[PDB]
Amino acid sequence: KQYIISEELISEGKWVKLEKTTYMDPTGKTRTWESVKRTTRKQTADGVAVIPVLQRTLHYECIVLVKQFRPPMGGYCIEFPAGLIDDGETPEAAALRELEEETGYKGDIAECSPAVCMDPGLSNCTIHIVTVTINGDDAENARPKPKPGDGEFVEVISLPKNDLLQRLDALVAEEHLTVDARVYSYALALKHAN
Amino acid sequence: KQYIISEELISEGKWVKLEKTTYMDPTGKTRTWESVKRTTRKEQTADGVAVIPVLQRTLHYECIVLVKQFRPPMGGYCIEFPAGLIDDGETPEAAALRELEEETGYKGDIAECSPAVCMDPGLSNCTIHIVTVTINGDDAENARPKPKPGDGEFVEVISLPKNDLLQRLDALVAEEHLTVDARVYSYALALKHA
Ligand SMILES: Cc1nc(C(=O)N2CCCC2)c(C)s1
Ligand SMILES: Cc1nc(C(=O)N2CCCC2)c(C)s1
Ligand SMILES: [Cl-]
Ligand SMILES: [Mg+2]
Ligand SMILES: [Mg+2]
Ligand SMILES: [Mg+2]
Ligand SMILES: [Mg+2]
């Protein structure tokens, strides 16, 4: 019933643009929305986010997260490792590449979501969520070598999966950070399960 | 180590603005970013809420109540947690219970409320509280629940069993063009992984 009539460019930056979207509401009344898009997309999705499950025998299973200064937020954020998909890169390949660059871990693909939306009332941005396991007992993951590209400055934080939500809440209390909504949602469901 | 140096307005709409952000990198080098922000944030601890609504009924499996709506930024239908912006002076909890009733008809009971969490922190400063609400589906109030959508809100309610959430989302995505929200997907994935 609903659909886009037209899109007017408001402002285009290098990396982001702002549009005025004209759409038909279900009643046949025309309405407008203000919408954000990235200028970088081709591709399945703008990006990937990796859920990295670090598995070491005789240890609690951990979820590997990253902490970074985020200029839009004006502060530090705790997130899944993540980046944009290169032109002609598959989402699986982007996940393994970003996971290594940001954490130094080398992982295996467990599963890969369809394109999911980041903030659909605001932007068209989408990602694929990629669950990856990291055999933490392999030699290649003994001393994880992170390969940060230009301007990336990433701290790695591994938290136990079985208490993820209490651990995150504790970092927020102590360290003045913003947890990512996807990280939080995952953590919540771990507790809400069963 | 890192901090904001300046925020230069590039373009302001009615609802969203684009900024040129200048920040200090941890090597002591000045860099720039492009940042999205809403124009509607006041003294709220976040822009918005999203509601995790757990529908509970005797002799039923627990459902997660979701909503499907057309999203002009995406140009299509999206399946999401019930959500909306927090009104000036309104608490995140009150906003959650109000949005849940408006969008689904249900009258919930607060269970938990997250700290403010970031929606897409490499892009925007937008934040929400994730509010877990239980719905007593045996209460007569929640028997024949009628949405009270505000002007231009057009919302369908989709209740799915918690114990099969990911597969049930996959089956909806198999049957039409629709995008699942990344927070919904993260939550469904954790329900599987636990
Ligand atoms: C980025 C956008 N957000 C909204 C929105 O959700 N609004 C609901 C209350 C005021 C505006 C647009 C109408 S455009
Ligand atoms: C909204 C923005 N996103 C990025 C980003 O993550 N980029 C990674 C490759 C292209 C730029 C900015 C540098 S500004
Ligand atoms: Cl797993
Ligand atoms: Mg990244
Ligand atoms: Mg990276
Ligand atoms: Mg809403
Ligand atoms: Mg609403």
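Chain letters run A, B, ... following the sequence lines, proteins first and then strands; every chain starts at 1. In each ligand, atom 1 is the first atom listed, and ligand 1 is the first ligand listed.
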- Item | Which of the ligand 2 atoms, numbered from 1, are nearer than 4.0 Å to a heavy atom of A/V16 | 1 (C)
- Message: Tell me if a side-chain donor or acceptor on A/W15 pairs with a main-chain N or O of B/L123 at a distance below 3.5 Å.
- Response: no
- Note on the structure: For B/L123, the atoms of ligand 2 under 4.0 Å from one of its heavy atoms are 1 (C)
- Side-chain contact, heavy-atom cut-off 4.5 Å: A/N135 with A/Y105? no
- Item | Donor-acceptor contact below 3.5 Å, side chain B/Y23 vs main chain A/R70 | no
- Note: A/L84, heavy atoms under 4.0 Å from ligand 2, region reported as side chain
- Here the atoms of ligand 2 under 4.0 Å from any heavy atom belonging to B/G122 are 1 (C), 2 (C), 3 (N)
- Query: Are A/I85 and A/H128 side-chain neighbours, meaning at least one heavy-atom pair lies under 4.5 Å?
  - Reply: yes
- For the pair B/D120 (side chain) and B/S124 (backbone), establish whether a donor and an acceptor sit closer than 3.5 Å, ignoring hydrogens and angles. no
- Task: Starting from the Mg ion (ligand 7), look over the N/O/S atoms of B/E99 and name the nearest one.
- Result: OE1
- Message: If I take every N, O or S atom of B/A83, is at least one of them less than 2.8 Å from the Mg ion (ligand 6)?
- Response: yes
- Taking just the N, O or S atoms of B/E103, which one is nearest to the Mg ion (ligand 7)? OE2
- Confirm or rule out an N/O/S atom of B/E80, from backbone or side chain, lying less than 2.8 Å from the Mg ion (ligand 6). no
- Would you check the N or O atoms of A/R38, main chain and side chain alike, for any that come under 3.5 Å of an N or O of ligand 2? yes
- Side chain of B/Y185, backbone of A/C117: donor and acceptor closer than 3.5 Å? no
- So, do A/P72 and B/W33 sit near enough that their side-chain heavy atoms are less than 4.5 Å apart? yes
- the Mg ion (ligand 7) contact by B/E153, N, O or S atom under 2.8 Å: yes
